[PDB]
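Undergrad: Take a look at this one; I'll ask things after.
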Amino acid sequence: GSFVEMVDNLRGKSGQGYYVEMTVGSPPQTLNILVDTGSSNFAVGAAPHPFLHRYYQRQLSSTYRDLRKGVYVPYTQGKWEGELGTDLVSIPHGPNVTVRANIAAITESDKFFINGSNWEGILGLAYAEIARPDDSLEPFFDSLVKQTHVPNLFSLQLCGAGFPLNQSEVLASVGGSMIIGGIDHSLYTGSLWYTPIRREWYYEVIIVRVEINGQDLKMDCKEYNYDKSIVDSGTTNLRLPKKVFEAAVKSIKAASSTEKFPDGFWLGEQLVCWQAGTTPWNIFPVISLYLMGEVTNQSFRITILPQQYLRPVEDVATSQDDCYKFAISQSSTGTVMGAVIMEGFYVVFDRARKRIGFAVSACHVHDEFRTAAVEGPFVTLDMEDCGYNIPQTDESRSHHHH
Ligand SMILES: NC1=N[C@@]2(c3cccc(-c4cncc(Cl)c4)c3)CCCC[C@H]2O1
Ligand code: NI
Numbered sequence: 598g599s600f601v602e603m604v605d606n607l608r609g610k611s612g613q614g615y616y617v618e619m620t621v622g623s624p625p626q627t628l629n630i631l632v633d634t635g636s637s638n639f640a641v642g643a644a645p646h647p648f649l650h651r652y653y654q655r656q657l658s659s660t661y662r663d664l665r666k667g668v669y670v671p672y673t674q675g676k677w678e679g680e681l682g683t684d685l686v687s688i689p690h691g692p693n694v695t696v697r698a699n700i701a702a703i704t705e706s707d708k709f710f711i712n713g714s715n716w717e718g719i720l721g722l723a724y725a726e727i728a729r730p731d732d733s734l735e736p737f738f739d740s741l742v743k744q745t746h747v748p749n750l751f752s753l754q755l756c757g758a759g760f761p762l763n764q765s766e767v768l769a770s771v772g773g774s775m776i777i778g779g780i781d782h783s784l785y786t787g788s789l790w791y792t793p794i795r796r797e798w799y800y801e802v803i804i805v806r807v808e809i810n811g812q813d814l815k816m817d818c819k820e821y822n823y824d825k826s827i828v829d830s831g832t833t834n835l836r837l838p839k840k841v842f843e844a845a846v847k848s849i850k851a852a853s854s855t856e857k858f859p860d861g862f863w864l865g866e867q868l869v870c871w872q873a874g875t876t877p878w879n880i881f882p883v884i885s886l887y888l889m890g891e892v893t894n895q896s897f898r899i900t901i902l903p904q905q906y907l908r909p910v911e912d913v914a915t916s917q918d919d920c921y922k923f924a925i926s927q928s929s930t931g932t933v934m935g936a937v938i939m940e941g942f943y944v945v946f947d948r949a950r951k952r953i954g955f956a957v958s959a960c961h962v963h964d965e966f967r968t969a970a971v972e973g974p975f976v977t978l979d980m981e982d983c984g985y986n987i988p989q990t991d992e993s994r995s996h997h998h999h
């Protein structure tokens with residue numbers, strides 16, 4: 598029940614993602630790799646870039662094989678492209694195994710790498726369905742499971758910062774654990790509650806109810822999952838569908854109304870500050886997301902604090918003060934349970950049993966009045982289906998799946 602060698606194997610800078618050290622090639626070349634449950638490609642910088650201190654040198658690897666195939670991956674806010682191949686991959690502070698995995702060698706990118714994030718690649722931990730160029734490119738975790746005896750499960754403890762902050766010139770350092778192949782009981786307290794993975798593509802889940810300070814938002818529950826809800830270590834914020842975001846902000850504004858913040862704050866474009874150590878946490882409400890349980894008609898709630906959704910940023914010009922960014926934001930692609938949610942909890946990606954576990958994280962940030970919580974069961978007599986069915990494009994329909 599112990600996985601000591603994998604504890605504290607994640608690092609990062611606040612808001613710039615959590616990375617794990619990996620080696621690629623023979624002999625092993627060290628790279629820091631973003632841990633991303635919201636994508637499904639293993640892709641690494643493989644050429645010089647202003648924001649890279651180092652990169653994967655295919656030519657230096659005796660075990661590298663070229664797949665003679667390129668890949669082009671555009672996102673909303675950036676893009677990367679490169680050449681597909683395979684090589685030997687290991688996680689030094691992970692299981693004592695080495696696997697031959699697909700690797701996209703990133704040769705050109707725009708707005709993908711981040712200055713000072715200290716990572717050089719991305720480890721997509723989601724399913725084949727959303728891999729590029731297509732679902733025939735086996736993701737890393739699938740290879741790991743197929744080639745080794747590693748159980749088909751991983752778990753994440755993301756630990757946020759962290760006031761008072763160490764530094765004024767750089768962003769706050771963060772830490773965490775990625776436990777590959779099991780569950781480490783020292784990383785959580787209390788009960789572990791499981792929600793079904795609705796479909797294996799993203800880690801998609803269903804939210805059945807939302808409360809802000811114990812007040813039901815009272816929307817049709819399909820609105821909470823429009824057009825999907827996913828658990829995503831590669832997103833910083835809690836992102837909410839437009840209508841849900843508007844209702845949440847209205848509610849949080851109402852609770853915190855003793856303080857009149859500029860509109861820029863609610864848009865996540867401006868910091869708000871209090872004198873060191875005087876932040877009035879109690880005027881900001883807790884937020885509860887009820888997730889579908891394993892049993893029909895059951896749910897459980899995960900409850901986060903303002904300490905999760907107000908992100909600390911130490912401004913140089915006002916290091917006298919504790920300043921915060923509002924880290925709930927609008928989505929047009931459904932709910933994204935990012936680091937804002939995940940930093941509250943130990944999260945178990947139980948692929949073997951098509952479910953996601955949540956328990957209170959032994960490292961979550963709290964005060965003496967309130968804690969992040971995982972609580973259940975809650976039962977509802979006559980349950981609506983809260984899942985949304987994405988309109989089927991002819992594009993998507995025409996695909997064959999041999
Ligand atoms: N899930 C997730 N991963 C990204 C991505 C790409 C590059 C950088 C990041 C990233 C940047 N800053 C902070 C984080 Cl946590 C991730 C994320 C790739 C897939 C779609 C958009 C992003 O959503
Ligand atoms: Ni066919």
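Okay, so the sequence shown: first residue is 598 according to the numbering used here, each after it adds one.
Quick reminder that beta carbons are idealized off the backbone N, C-alpha and C, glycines included.
1. Is the CB-CB distance between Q905 and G941 below 7 Å?
2. Consult DSSP for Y906 and reduce its assignment to one of helix, strand or coil.
3. What is the residue span of the alpha helix (DSSP H) that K850 lies within?
4. Closer than 7 Å by C-beta to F858: which residues in its own chain qualify, once you throw out the five before and the five after it? Chain order, please.
5. Quick check: is any heavy atom of ligand 2 less than 6 Å from the C-beta of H996?
6. In this structure, how does DSSP classify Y616 when only helix, strand and coil are distinguished?
7. How many angstroms separate the CA atom of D947 from the CA atom of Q867?
8. Is it buried or exposed for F966, if we count other Cβ within 10 angstroms and need 16 for buried?
9. Which residue from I780, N810 and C920 puts its Cα closest to that of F955?
10. I need the DSSP call for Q867, collapsed to helix, strand or coil.
11. Are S637 and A728 closer than 7 Å when you measure CB to CB?
12. Just how far apart, CA to CA, sit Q626 and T620?
13. Cα-Cα, which of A873, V641 and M775 is closest to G682?
14. Whole angstroms are fine: how far does the CA of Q613 sit from the CA of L722?
15. Just to confirm my understanding: we take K610, look at its own chain, exclude 5 residues before and 5 after, and list those with CB closer than 8 Å. What are they?
16. Rounded to a whole number of angstroms, what is the C-alpha to C-alpha distance between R795 and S916?
17. Ignore the nearest five residues each way along the sequence and tell me which others in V971's own chain have a CB closer than 6 Å to its CB.
18. What are the boundary residues of the alpha helix (DSSP H) that includes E992?
19. Should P882 go down as buried or exposed, given a rule of 16 or more other Cβ atoms within 10 Å for buried?
20. Start and end of the alpha helix (DSSP H) containing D739?
21. In three-state terms, what does DSSP make of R655?
22. Less than 7 Å between the beta carbons of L835 and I987, yes or no?
23. Just checking my contact of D824 with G935 at CB under 8 Å: how many whole Å lie between their CB atoms?
24. Compute the Euclidean distance between the alpha carbons of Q754 and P692, then round it to the nearest angstrom.
25. Assuming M980 is part of the alpha helix (DSSP H), what are its boundary residues?
26. What did DSSP end up calling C818 once you bin it into helix, strand or coil?
27. Rank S826, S752, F639 and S995 by C-alpha distance to the C-alpha of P736 and give the top, closest one.
28. With distances taken between CB atoms, is the gap from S896 to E808 smaller than 7 Å?
29. Hey, would you say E705 sits closer than 7 Å to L649, going by beta carbons?
30. If we count the other Cβ atoms within 10 Å of its Cβ and call it buried at 16 or more, is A698 buried or exposed?
31. By alpha-carbon positions, which one of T695, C920 and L902 ends up nearest to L762?
32. Thinking C-beta only, is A959 closer than 7 Å to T786?
33. Classify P909 as buried or exposed, calling it buried when 16 or more other Cβ atoms lie within 10 Å of its own Cβ.
34. Using beta-carbon positions only, say whether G865 and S926 come within less than 7 Å of one another.
35. Whose C-alpha, out of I719, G622, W878 and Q872, is nearest the C-alpha of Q656?
36. So, are the CB atoms of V670 and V686 less than 7 Å apart?
TA: Reading from the atomic positions:
1. For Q905 and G941, yes; Cβs fall inside 7 Å.
2. helix
3. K839 to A852
4. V869
5. no
6. strand
7. 38 Å
8. exposed
9. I780
10. coil
11. In this structure, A728 lies closer than 7 Å to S637 by Cβ.
12. 5 Å
13. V641
14. Cα atoms of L722 and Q613: separation of roughly 18 Å, rounded to the nearest angstrom.
15. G713, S714, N715, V767, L768, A769, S770 and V771
16. 45 Å
17. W790, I899, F955, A956 and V957
18. Run containing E992: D991 to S995, per the alpha helix (DSSP H) assignment.
19. buried
20. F737 to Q744
21. helix
22. no
23. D824 to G935, Cβ: 17 Å. No contact.
24. 17 Å
25. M980 -> no alpha helix (DSSP H), and no H or E assigned at all.
26. Looking at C818 - three-state DSSP - the assignment turns out to be helix.
27. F639
28. no
29. no
30. buried
31. Closest option to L762, Cα to Cα, is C920.
32. yes
33. buried
34. yes
35. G622
36. no
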